[PDB]
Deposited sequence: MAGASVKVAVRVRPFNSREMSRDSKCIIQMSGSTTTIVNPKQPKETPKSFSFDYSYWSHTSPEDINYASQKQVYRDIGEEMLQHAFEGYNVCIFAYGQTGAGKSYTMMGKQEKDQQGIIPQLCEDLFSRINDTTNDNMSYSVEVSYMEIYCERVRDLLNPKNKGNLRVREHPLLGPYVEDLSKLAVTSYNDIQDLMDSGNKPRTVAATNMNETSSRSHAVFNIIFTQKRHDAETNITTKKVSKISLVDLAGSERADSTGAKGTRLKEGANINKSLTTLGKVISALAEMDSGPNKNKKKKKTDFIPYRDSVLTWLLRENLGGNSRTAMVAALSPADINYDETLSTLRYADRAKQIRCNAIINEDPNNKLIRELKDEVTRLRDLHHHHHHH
């Protein structure tokens, strides 16, 4: 399968309104067009994605791409793939202020919740709707920040540790001593998300908002346990769901962001510089390995952001060419069960 790619243009923000910005983004069907406001004579550049989300107006518009609509396209599809037993990844990419955090986290005030809360609510709603007493489940959450190549645990802020990223000699990269907490309700996972969001690194340069240079990775380990009555074997399906709010794409400590660009470019071109940054190392499987992966590229509508928005569209266009190699998590015991059961009914006959 391919990396799925959506782009999303937001309303003007305060900085843009301040400079009487005009809109340089047009969307129709799956295509996004960007005009060059500095060379108005040159022909607009057009790009085709899995989705082009027009969120430039307000939810009063019939044509406004809502939080619900964005979730119901990519978020629901990836949660369904996790239920099938695939590892899944959604990452939000783009310039500072373009709408990565709004898309991934959103706000609680007025159905503004983003992909992460909607997926968590959908996950627990599906688990709690289970009617088969042979199905049992486990949900483990981890939430980390990568800032200047240092890893912090957002679920245990009293660990000023800069957790070490390691390659397991057989099982691939992991964050040594990163909290992995069992959660049994949507309320519990929401409180951890909220607490984790508050522990993110702030910067004076961003008026003491969350640093524009910090990556946030939200991971769920979803374990589905099927109890077989006849055999008493329990089969396990395990899926890792990685929901990523990247550092701002604009332009040592931009190592991760710059390396992600080279990784996307090298994967689109198909050596691969995964290990040159903590982000691309930890997300190696999600960037062309054992994962179903989607990119949501946030776009400023404003003339003043032409060059950065064009760069986001070109990286999004390249991500579309990446192939993944996701396999279903298979318990070998599923075959032992089928055998043991045939062998017994046959004797019983």
Missing stretches, numbered from 1 on the deposited chain sequence and kept in order: 1-3, 255-269, 289-302, 382-389
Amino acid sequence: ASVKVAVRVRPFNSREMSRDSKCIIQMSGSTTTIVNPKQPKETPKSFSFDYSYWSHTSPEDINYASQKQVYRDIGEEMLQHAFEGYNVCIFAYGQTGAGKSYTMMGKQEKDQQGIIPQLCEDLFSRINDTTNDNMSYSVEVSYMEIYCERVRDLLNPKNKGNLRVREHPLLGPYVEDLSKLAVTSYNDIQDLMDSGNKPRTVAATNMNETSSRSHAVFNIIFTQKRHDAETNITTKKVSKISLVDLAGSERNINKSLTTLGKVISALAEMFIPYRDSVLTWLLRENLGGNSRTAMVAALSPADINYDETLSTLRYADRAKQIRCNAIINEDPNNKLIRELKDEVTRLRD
From here on, numbers count along this sequence of modelled residues.
Stretch exceeding the other in mean C-alpha B-factor - 154-162, 69-77: 154-162
86-94 or 256-264, whichever carries the higher mean Cα B-factor: 256-264
Criterion, highest CA B-factor; candidates, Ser142, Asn132, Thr223, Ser101: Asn132
Options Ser52, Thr33, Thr312, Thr43 - largest CA temperature factor per the record: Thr43
Position of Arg15 among the chain's modelled residues by C-alpha B-factor, lowest, middle or highest third: lowest
Ranked C-alpha temperature factor of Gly114 among modelled chain residues, by third: lowest
Position of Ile233 among the chain's modelled residues by C-alpha B-factor, lowest, middle or highest third: highest
Among modelled residues of the same chain, the CA temperature factor third for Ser195: highest
Third of chain Cα B-factors occupied by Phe218: lowest
